[PDB]
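Only one chain is included here, represented as structure tokens and corresponding to the form deposited in one PDB entry.
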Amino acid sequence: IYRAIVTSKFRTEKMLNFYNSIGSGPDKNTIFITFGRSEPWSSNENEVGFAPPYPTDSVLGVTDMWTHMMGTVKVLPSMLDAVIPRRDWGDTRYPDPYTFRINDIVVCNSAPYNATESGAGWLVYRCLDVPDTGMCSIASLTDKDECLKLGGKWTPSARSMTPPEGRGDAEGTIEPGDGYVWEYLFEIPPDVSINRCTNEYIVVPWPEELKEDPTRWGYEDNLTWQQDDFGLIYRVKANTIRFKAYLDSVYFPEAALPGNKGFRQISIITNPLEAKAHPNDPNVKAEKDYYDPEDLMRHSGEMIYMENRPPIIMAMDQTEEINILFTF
């Protein structure tokens, strides 16, 4: 008899609680990324389009993971980035380069066809309104607000004749005139773009990092903080965390030996405990940065994510980058 819904702001909430929960202390969580394996999938595993087996969400799956674990890397917050699907205004290398949709977060000033204010990093804007005529996804209802009395995912006809520029009005509202409307959100720093961003995704700072260094993210001229309190991740429907962990082979010389067939498994384990002598002892939370699986209480903590992929070669003191996408 009751009609309820979890609003998308809940998807962001989860993502935030998770990111905030991480910390040192018994009151906090420590997550460890893990790698391991050697037993090659099959012969034809180095082929192109080769899909290894999915990981088995089961205790046998978990143990089959812990058995092949070769080492562990503590994941700190500075390695987690709230990210959203990247969409550059006019990138014809993908679909609909000029036609968008309401609430679509579009990036600008990242390419010659984005160039709007050199010297600044990528500027990200939100699409508030679009051109009248178009399609309402479901049913029909089309005109000035025919699909705006209910507001269903609406794809317009006419295109964006031009990228929005600057930081809009006090509320970042910009009216290009092409029948579109945008809201200036923020500015991504060069290094962040270079180091953290990708072709698929961009980074959204966290409320905290935003409140501490506003100008850094082109968030200073912003007043919507008097309302959202640095809740940008909320404003752009961010609900995805992209990791960025480097495997320091310099740590372990175990597989940094010539041959090596690399590992094919990855897993994120939360709150694993340090191997105890007398099993009837007080469990200890693992808070160091690295660990030898044997130095870790097998099965301790919770395994929230397992990954299977082709083998990855590791050298002497060669640095290997690990990235994963958690969604909420």
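The first residue of the shown sequence is 1; numbering continues from there. So that the term is clear: the rigid core is the largest set of C-alpha atoms that superpose within 1.5 Å between two forms.
For the pair 299-307 and 283-291, the record assigns the higher mean C-alpha temperature factor to 283-291. In this entry, the higher average B-factor at the C-alpha atoms falls on 261-269, of the pair 25-33 and 261-269. Within the listed group 234, 251, 125, 201, the record reports its top CA B-factor for 251. Per the PDB record, 150 has a higher Cα B-factor than any other of 102, 192, 161, 150. Sort the modelled residues of the chain by CA B factor and residue 121 lands in the lowest third. Annotation for residue 92: C-alpha temperature factor in the middle third relative to the rest of the modelled chain, per the entry.
Ranked within its chain, residue 221 lands in the middle third, by CA B factor from the PDB record.
When the modelled residues of the chain are ordered by their C-alpha B factor, residue 246 lands in the highest third. When the CA B factors of the chain's modelled residues are split into thirds, the value for residue 215 lands in the lowest one.
If you look for the form deposited in another entry, you will not find it shown, but the lines that follow are about it.
Core superposition between this form and the one not shown leaves every listed residue (76, 120, 138, 111) with a C-alpha shift below 2 angstroms except 138.
With the core held fixed, residue 47 shows a CA shift of 2 Å or greater between this form and the one not shown.
Residue displacement note: residue 217 has its CA displaced by under 2 Å between this form and the one not shown (rigid core superposed). Superposition on the rigid core between this form and the one not shown places the CA atom of residue 231 less than 2 Å from its counterpart.
In that other deposited form, the Cα positions of residue 208 and residue 26 lie at least 3 Å nearer to each other than in the form displayed. In that other deposited form, the CA atoms of residue 300 and residue 25 move apart by 3 angstroms or more relative to this form.
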